[PDB]
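J.:
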Amino acid sequence: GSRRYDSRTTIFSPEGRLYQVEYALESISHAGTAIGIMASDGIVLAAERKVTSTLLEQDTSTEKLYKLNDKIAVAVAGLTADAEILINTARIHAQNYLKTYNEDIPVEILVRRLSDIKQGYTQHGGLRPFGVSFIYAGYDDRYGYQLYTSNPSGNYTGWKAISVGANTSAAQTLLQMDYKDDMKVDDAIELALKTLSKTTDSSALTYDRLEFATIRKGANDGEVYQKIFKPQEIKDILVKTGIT
Amino acid sequence: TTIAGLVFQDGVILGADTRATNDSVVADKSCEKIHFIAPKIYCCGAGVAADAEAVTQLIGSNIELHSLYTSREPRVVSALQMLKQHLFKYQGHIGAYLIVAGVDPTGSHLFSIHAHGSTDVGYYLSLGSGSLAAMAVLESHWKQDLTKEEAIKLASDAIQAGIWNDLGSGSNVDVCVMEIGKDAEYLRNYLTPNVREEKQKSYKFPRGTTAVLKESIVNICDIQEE
Amino acid sequence: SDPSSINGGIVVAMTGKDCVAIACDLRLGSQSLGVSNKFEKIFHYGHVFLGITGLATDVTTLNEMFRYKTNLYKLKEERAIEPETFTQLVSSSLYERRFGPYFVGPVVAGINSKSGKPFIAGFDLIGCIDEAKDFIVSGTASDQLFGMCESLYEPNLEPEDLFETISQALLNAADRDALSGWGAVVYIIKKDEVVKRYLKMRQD
Amino acid sequence: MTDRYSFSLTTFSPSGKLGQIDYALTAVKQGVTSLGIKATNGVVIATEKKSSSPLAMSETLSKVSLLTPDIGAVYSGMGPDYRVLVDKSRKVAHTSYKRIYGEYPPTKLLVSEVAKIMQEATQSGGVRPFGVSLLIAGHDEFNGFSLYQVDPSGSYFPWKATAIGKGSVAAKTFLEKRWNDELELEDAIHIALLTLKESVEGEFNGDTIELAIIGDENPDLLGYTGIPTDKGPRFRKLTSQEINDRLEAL
Amino acid sequence: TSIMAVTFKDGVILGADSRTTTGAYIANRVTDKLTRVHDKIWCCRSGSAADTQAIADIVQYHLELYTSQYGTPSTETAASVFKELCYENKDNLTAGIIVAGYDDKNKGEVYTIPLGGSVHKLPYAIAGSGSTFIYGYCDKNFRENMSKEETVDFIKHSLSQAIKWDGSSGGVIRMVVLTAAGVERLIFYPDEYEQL
Amino acid sequence: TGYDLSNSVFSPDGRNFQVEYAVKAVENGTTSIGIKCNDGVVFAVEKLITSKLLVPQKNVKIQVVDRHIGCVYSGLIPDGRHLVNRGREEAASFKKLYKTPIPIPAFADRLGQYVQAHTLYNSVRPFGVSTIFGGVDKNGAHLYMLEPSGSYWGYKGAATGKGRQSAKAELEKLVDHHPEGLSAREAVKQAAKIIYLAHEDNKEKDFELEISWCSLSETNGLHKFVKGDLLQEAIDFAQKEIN
Amino acid sequence: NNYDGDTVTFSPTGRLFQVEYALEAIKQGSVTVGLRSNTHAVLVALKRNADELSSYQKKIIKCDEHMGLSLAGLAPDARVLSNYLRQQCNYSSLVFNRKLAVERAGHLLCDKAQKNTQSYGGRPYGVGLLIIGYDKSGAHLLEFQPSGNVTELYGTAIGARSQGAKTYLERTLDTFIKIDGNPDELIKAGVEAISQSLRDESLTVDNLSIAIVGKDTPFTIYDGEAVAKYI
Amino acid sequence: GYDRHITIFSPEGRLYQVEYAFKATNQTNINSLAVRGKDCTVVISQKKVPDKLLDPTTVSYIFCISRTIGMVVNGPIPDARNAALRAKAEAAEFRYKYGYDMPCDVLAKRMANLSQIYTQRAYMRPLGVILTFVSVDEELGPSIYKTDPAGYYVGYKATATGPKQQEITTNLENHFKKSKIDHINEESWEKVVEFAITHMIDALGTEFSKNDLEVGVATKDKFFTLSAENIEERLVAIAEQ
Ligand SMILES: *C[C@@](C)(O)[C@](*)(O)[C@H](CCC1CCCCC1)NC(=O)[C@H](Cc1ccc(OC)cc1)NC(=O)[C@H](C)NC(=O)CN1CCOCC1
Ligand SMILES: [Cl-]
Ligand SMILES: [Mg+2]
Ligand SMILES: [Mg+2]
Ligand SMILES: [Mg+2]
Ligand SMILES: [Mg+2]
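Chains as they are written, first to last, in the numbering used here: chain A, 91 to 334; chain B, 173 to 398; chain C, 50 to 253; chain D, 236 to 485; chain E, 65 to 260; chain F, 62 to 304; chain G, 610 to 840; chain H, 3 to 243.
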């Protein structure tokens, strides 16, 4: 029958590892680096695009940084198409919570839900897992600014600064060196860009290669603003920090 | 509602009034009852207003996809068959009464459809509360081989009969002309025999006439930003 | 027994010169018993305003539903929904409940942000659209509002004139209905400012 | 008489590759060249009508397909896979958008729905990925003109200009030299015809080339009159004669 | 409605009036109640117009699919498909159908299917609201193996009386002749049949 | 290689090896035949007497479908029974809807499509039988033979099983020597002879002859088993011809 | 070899190995004999124990007042098939007021077994059955194999060493068929038949299991001191 | 090497099961040809009855799908009949739902989309058949549309299918290069059948008797197959000039 052709995507190896999760993580290690840094007065999300072509329409393009609601954003590392399936689910979960409780979804609850979906693909159904790692940047009135990551295993953890995708070992060493707890958003912007500038496989870090975003509680009159940076604005912050 | 359709020399024409009613009060004075199904297939609607609107839009959507799939001009019989099968399925609970007319590669066609899913073929038809007023005119004046000019006159007259003599019907006359080998011409507000007369007085109030408790600005924008 | 007149209330909307106005009363009751005098019936999703009369549980449910839908619209489209499109969304959403409908009388009001054109619309409980140039009425005193609007209204009123006309239309209609009144709110909407005014009215 | 293939046929290999997606992309590489160029006042999509027999009537086989009145599509790879994707794309434009909002979807969102269908064939049980890459050109009121590429993975990217299939590497280099942000639609058509001539071996004319534009509104093609707001489809497929006229000024 | 089908020497003839009513209003005065389910298998429809049309459309579909696979269906087979739909959905249908057809083997055959969904093979059949008024007339005047001209007169005279007495019946008398020769449509106007 | 391990897999030849393996189960089974005559059909089958303990005339192999169709098969006997059970359902639903009993070509395609369906998926096995069947309908007599692939044709004479080549040779003589046709009573006699002649391939164990027939004149177009004196007359004719 | 992984796969010589492996489980099972005359039909079964402390596994199951079987192979599969027979015998009684014909019972078991041989996921039944019965056409004995093949017989045996009992019955055919209106002599012939399949062990009181059905005899099972008479 | 057993991509981007289904197409060793007249569409196919025990009237690869549409199959008969029954069902369902007779090209597209599904879904095998649909369409006129196991389809001025298709194809190509028109300029279908048979005889290099051929003719509002005697009349006319 059909058994013959079943890869068996949801089994343990003799060592107690999930084959398909491990191989999905290997896929993600080749994807463009994404960095999240959390400060006292905001969060930075920086991410490196993978496909440098002069003919790519950058201003209308979005492969890395997605908006989940007004308070929560994600940086993606892995298969973009896989990430979009999950993003639209997370967008729906946030609106289901808002409809039910008349309050914006707490960041951890949204994260746990997505992480539980990913987990399910590793334990049942016989399907391949999602080849995606997220950095969640968000704000709520309980814990304030939060950074999380989830990976194909469905495991998630909280961070002060974190990287996913390519060269994370190198990137995490650099962040661990220069990060401090009393740091501010402007300093974190500079740290994120400097870390990408050193870890990048490219010859030089330019505006046409980056997606950049900030979540600040530095909007008018104590609200939270998500800023997805335009190409010209990424170019300006590259000159300001002194990279180009 | 007064809707009608009749055939002429090398075409078919549809007519409709523009009144919608909720109990005994007028809900709309300028509503479009002649509906687009395909570029050369149109549908007059009567009965439950949402139903006649929704059923024509659904079949119009499916006719468009069918036309794309087959790479052909849609036929009136397709719209007819799809409408009647849908309406039959719902056993009259979708209370839509429709006059379907159009031009296609087979020729010109004119059908009526009732809410329970029965269909009729005819040279002149009328539906709605004003159908009897309209049919009286059509029975008195319809003949074979009408010119376009005579057909528009007769169609508009049949609708007018409904407008004046039926309380269900009123306001303006909408027409759609579908002629062979030509673009269909849709003529909204073809007649306007019921413009409201100028008022005796202006009821514009002196400013400050209304007593106010509070004022505030509403924030409609996204993020007031730093 | 009749779901559309258990709780009571009214909404009216009008167009003016480069502006629209939408207004509502503040009553919520259980038939004869007045319960709340703060039950607003006008909501907004960006710059599109929605008034809803009828059964109060459905008013609240539909507000929450259209907030949900317009939030997802905005995330995907990367722009606020416009009044014309929102009207179609309301109609669709009501008609999908054709045989178990929400017992409501919605009213859309707003200015298209690109064309600058004033826009109002009204619906029956199953989504039939009435797209009026002049005015839209809804609620338990809809007959009364029709009478006021049809005599008081003239086209191309300036914002501060249009305020007076819509306010007098609402107030005098509400005073002839047992199940409407208990306060009233009027929104004056221009292309990039919206003023909200609470009206002084008789509290019986 | 059972569907027992409830498991993924596309899985991660030890190197992190999704084999079936890579092999689908290889099938796209073997396919005939197609391209897309975006101008200021329009977009052009083009491809070669590779006729399998001279007895075959190549007019009946439409490689360039209308999806909505303002959106068109072209492909490289497996033609049958493309045909069913066009059927689903046209339908999803109605069910998930037009029947809700009363208007056609913007280019990016229709693309997103096509992308979603292709991603599901990359993860669902008992199916292989689609063996095509699509180029989708379109216009909508708030985004203006746009050109998107969609791959077997489900991934999509917006382009100023690009090419896919057989001679895409050479074609993309050719487009990089010629493309600027001040191109008129006629200039983009001229560049499309120049680019496509390099990848074509045999005859090069209106009968062996398929070319469509997303441009101005065509009220003449609408079929009816009497609604000022409905101004006509921006999608237009160029005729065999219209192509040959521009080949004289080439 | 006044409908009938009559077998004769050369085959079978179906006959009907042309009146459709919504209460006392004549919604259609030129209705065609003689409807084709196959080349030489026709039916006369009475009851709910929606129901009989819906049934007739389904039968035409079934016989078209029968023909693709097994060749020309018998009149008995057509009557059986009508019966199956009518009987199994008797709680939701108001349909009274007369099925008439011509084979070369069986010649002219007539099957009547009343409200219950029973089948009855008969030499001739009458149905519809106006049939009540002509049972006496048709029984006295019907003979087997009539000529074509005699059978046309028998139907014309019969439906003339049905029309005269039944308000629900009226308009033109349509007929459809089914023989080896082919399919012939006949029409007879008020000024002809009223003076009989 | 590996193309023959799963049903519905095309080999590089364009062959379904599992279907060809089912044919081997058919070739392994006992001989069964069909003879089309003037106004009907005759079916006959070889039943191997494995032991004296088998009750004579009891283990009936030929099966009736509706009242007018006979079915006989060679190969896996249970697979044949499963196919006849389906054939009975198909004939019942046909008669239920269309009133008339199922025509033989119509019935043939019902079995054909069902057998063919068991070559479309790896979750099912092909049928391990070739089925000879037929009867009398409105258009006259029809004899068919249906293979594991779903392939079927109409026949003048048909044969399958271990003795098929021997039988086929004998049937081919009858077709040549009787172009005007064969009578029903003649076809019964000839069927007995052909089974007896085809028994040389299964000559170790003795056997039991079983014949059935549908004929417009001899059975009113109904399927009946040949019994008693008419069976013994056919056995005597067959015994005389071998000696 | 490569073609024995599942029941859905033919071998290159047209064999179903999973069915043949199921057939093998029957040969490993304990011997049971079936035989009949015109008036009565008898089952004799050699029951098997696990050890001296254990009970002897029951071999005979009653299906109706006029029908029952003996088993050899997987006993849980005999339970499933006997339960199906009970239901089919019961359906015939309740709906038609009709005792199920033994021949028709065989046809039903054949078709139930067949479905398991043609579809993926399932397995063949791992048991052989000898069904006896008395119906409107007299005494009957059937042999069921889980391939689907059912056979009506005067006598037979299945299980380990069954060829010894089967040869005896083949010689005795003309004698035991004539044992009409004498149940004890017909059982004697069955007990003498099953004795030809014994080696080392002999028929003891809790070893032997006999069942009989006939003209004015319901299907009854004899075990324990009720079979001491025949030892 | 399980990428050759089910319909998934090989490393080269190929579907081997689709390719092997194309090879099953020629298992019958039968050649078919289709041409268009002014008012008609003619399809001819070789008929081979090897066994004397066969009833030759039942041996056919031409199917009447609907009244207007005919279909000739190149491939094994079980798959041919599978495809035939489905096309008949689809054609009838179309007429019921949309109120007009299913066009030849639309049926072809539908069957091609069904074939495409078998190339994408693993549990369904491709059918090992090439389907040639013929009609006189009421909009497009004389029509030939052909479907294959890949799910590919296209319209044809004329076409040929089978082991010796290339010989037939080049013969037809050369005729249309001379005439410079998309059809056989001939009033009667009888003469278009005579053309079809003549150009098959020239292409294959074999003579035909009445029992060696099988003919299908599409006219306006019907498709029909010719009897052996109708073909004999055709063969006599060819020989007499
Ligand atoms: C008014 C008239 C003359 O009857 C016309 O038939 C008119 C047609 C309007 C329609 C034509 C096609 C384009 C879209 C507009 N119909 C109405 O105005 C309709 C009349 C009506 C009312 C109730 C009814 O119940 C069986 C049948 C017909 N009016 C409405 O549908 C109004 C807008 N809504 C309601 O009355 C409330 N609905 C509550 C749920 O049940 C249905 C009525
Ligand atoms: Cl399809
Ligand atoms: Mg009040
Ligand atoms: Mg009060
Ligand atoms: Mg009268
Ligand atoms: Mg497959």
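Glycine included, C-beta positions come from ideal geometry on N, C-alpha and C.
Going along the chain, which residues of the stretch 158-169 of chain C sit with their C-beta nearer than 9 Å to a C-beta in chain A?
T.: Against chain A - using a Cβ distance shorter than 9 Å - the stretch 158-169 of chain C contributes no residues.
J.: Examine the Cβ distances between the stretch 301-315 of chain B and the stretch 334-347 of chain B and report whether three or more of them are shorter than 8 Å.
T.: Yes, they touch.
J.: Evaluate contact between the stretch 71-91 of chain F and the stretch 233-244 of chain F, counting only Cβ atoms and requiring at least three cross-stretch pairs below 8 Å.
T.: Contact fails: fewer than three Cβ-Cβ distances are below 8 Å.
J.: Taking C-alpha atoms, which residue in H:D139, H:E196 and H:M126 lies nearest to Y102 of chain H?
T.: Locating residue 102 of chain H in the eighth sequence gives position 100, counting from the first residue. The shortest C-alpha separation from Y102 of chain H is found at H:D139.
J.: Return yes when at least one heavy atom of ligand 2 lies under 8 Å from the C-beta of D322 of chain D, else no.
T.: Here residue 322 of chain D refers to the residue found at position 87 when the fourth sequence is read from its first residue. For ligand 2, at least one heavy atom lies less than 8 Å from the Cβ of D322 of chain D.
J.: Would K154 of chain A pass as a contact of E301 of chain A if the rule is Cβ separation under 9 Å?
T.: What you label residue 154 of chain A is simply residue 64 of the first sequence in a count that begins at 1. What you label residue 301 of chain A is simply residue 211 of the first sequence in a count that begins at 1. For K154 of chain A and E301 of chain A, yes; Cβs fall inside 9 Å.
J.: Would you say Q697 of chain G and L717 of chain G are within 9 Å of each other, going by their C-beta atoms?
T.: Position 88 of the seventh sequence, counting from 1, holds the residue named residue 697 of chain G. Position 108 of the seventh sequence, counting from 1, holds the residue named residue 717 of chain G. Cβ atoms of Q697 of chain G and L717 of chain G: closer than 9 Å.
J.: Alpha carbon to alpha carbon, how far is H329 of chain D from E445 of chain D? Give it in angstroms, no decimals.
T.: Residue numbering aside, residue 445 of chain D sits at position 210 when the fourth sequence is read from its first letter. Residue numbering aside, residue 329 of chain D sits at position 94 when the fourth sequence is read from its first letter. Roughly 26 Å between the two C-alpha positions.
J.: Going along the stretch 113-128 of chain E in order, which residues come within less than 9 Å of chain H, judged by CB to CB distance?
T.: Result list: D121, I122, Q124, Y125, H126 and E128.
J.: Listed by chain order, which residues have C-beta atoms less than 6 Å from any heavy atom of ligand 3?
T.: This selection yields C:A223, C:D224, C:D226, C:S229 and C:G230.
J.: Let me make sure I understand the geometry here. Which of B:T381, B:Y269, B:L178 and B:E357 has the alpha-carbon closest to that of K256 of chain B?
T.: Start at 1 with the first residue of the second sequence, and residue 256 of chain B comes out as number 84. Answer by Cα proximity: B:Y269.
J.: Using the C-alpha atoms, what's the distance from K298 of chain D back to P468 of chain D?
T.: Here residue 468 of chain D is taken as the residue at index 233 of the fourth sequence, counted from 1. Here residue 298 of chain D is taken as the residue at index 63 of the fourth sequence, counted from 1. Answer to the nearest angstrom: the Cα atoms are 19 Å apart.
J.: By how many angstroms is the C-alpha of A165 of chain A removed from the C-alpha of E147 of chain A?
T.: Numbered from 1 along the first sequence, position 57 holds the residue referred to as residue 147 of chain A. Numbered from 1 along the first sequence, position 75 holds the residue referred to as residue 165 of chain A. For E147 of chain A and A165 of chain A, the distance between alpha carbons rounds to 20 Å.
J.: Using a Cβ-Cβ cut-off of less than 8 Å, list which residues of the stretch 67-94 of chain F approach chain H; keep chain order.
T.: Going along the stretch 67-94 of chain F in chain order, one finds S67, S69, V70, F71, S72, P73, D74, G75 and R76 with a Cβ nearer than 8 Å to chain H.
J.: Below 9 Å between beta carbons is the criterion; list the residues of the stretch 360-374 of chain D that meet it against any residue of chain A, in chain order.
T.: Result list: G360 and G361.
J.: Flag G143 of chain H as yes if its beta-carbon sits less than 9 Å from any beta-carbon of chain B, otherwise no.
T.: Indexing the eighth sequence from 1 puts residue 143 of chain H at position 141. No, its Cβ sits nowhere closer than 9 Å to a Cβ of chain B.
J.: Rounded to whole angstroms, what is the Cα-Cα separation between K252 of chain D and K166 of chain C?
T.: In the fourth sequence, the residue the question calls residue 252 of chain D occupies position 17. In the third sequence, the residue the question calls residue 166 of chain C occupies position 117. Each residue's alpha carbon lies about 53 Å from the other.
J.: Using 10 angstroms around the beta-carbon of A273 of chain B, count the other beta-carbons present and answer buried if the total reaches 16, otherwise exposed.
T.: Position 101 of the second sequence, counted from the first residue, corresponds to residue 273 of chain B. By the 10 Å Cβ count, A273 of chain B comes out buried.
J.: What does DSSP give as the partner residues of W106 of chain E in its beta bridges?
T.: For the purposes of this step, residue 106 of chain E is taken as the residue at position 42 of the fifth sequence. Answer is E:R100 and E:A164, bridged to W106 of chain E.
J.: Going by DSSP, which residues form a beta bridge with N194 of chain B?
T.: As a first step, residue 194 of chain B is located in the second sequence; it is residue number 22 there, counting from the start. Paired residue(s): B:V197.
J.: In chain order, what residues of the same chain lie with their CB nearer than 6 Å to the CB of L382 of chain D, ignoring the 5 residues before and after it?
T.: Locating residue 382 of chain D in the fourth sequence gives position 147, where the first residue counts as 1. The answer, listed in chain order, is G271, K273, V278, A372 and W394.
J.: Would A198 of chain H pass as a contact of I46 of chain H if the rule is Cβ separation under 9 Å?
T.: In the eighth sequence, residue 198 of chain H corresponds to position 196, counting from 1. In the eighth sequence, residue 46 of chain H corresponds to position 44, counting from 1. Yes, Cβ-Cβ distance for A198 of chain H and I46 of chain H is below 9 Å.
J.: Which term fits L456 of chain D, buried or exposed, when burial requires 16 or more other beta carbons within 10 angstroms of its beta carbon?
T.: Within the fourth sequence, numbered from 1, the residue matching residue 456 of chain D stands at position 221. Under this definition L456 of chain D is an exposed residue.
J.: Using only alpha-carbon positions, find the residue among F:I303, F:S273, F:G282 and F:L283 that is nearest to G289 of chain F.
T.: Stepping through the sixth sequence from its first residue, residue 289 of chain F is reached at position 228. The residue with the shortest Cα to Cα distance from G289 of chain F is F:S273.
J.: Could you check whether the Cβ of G58 of chain C sits closer than 8 Å to any heavy atom belonging to ligand 4?
T.: For this step, residue 58 of chain C is matched to residue 9 along the third sequence. No; taking the cut-off as 8 Å, the Cβ of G58 of chain C has no heavy atom of ligand 4 nearer than that.
J.: Can you name the residues of chain A whose CB is closer than 7 Å to the CB of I8 of chain H?
T.: Walking along the eighth sequence from the start, residue 8 of chain H turns up at place 6. The answer, in chain order, is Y95.
J.: Any beta-carbon of chain F closer than 9 Å to the one on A722 of chain G?
T.: In the seventh sequence, counting from the first residue as 1, residue 722 of chain G sits at position 113. It does: the Cβ of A722 of chain G has a partner Cβ on chain F nearer than 9 Å.
J.: List the endpoints of the continuous beta strand (DSSP E) containing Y831 of chain G.
T.: The sequence position of residue 831 of chain G within the seventh sequence is 222, counting from 1. Taken as a continuous stretch (DSSP letters only), the beta strand (DSSP E) holding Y831 of chain G covers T826 to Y831.
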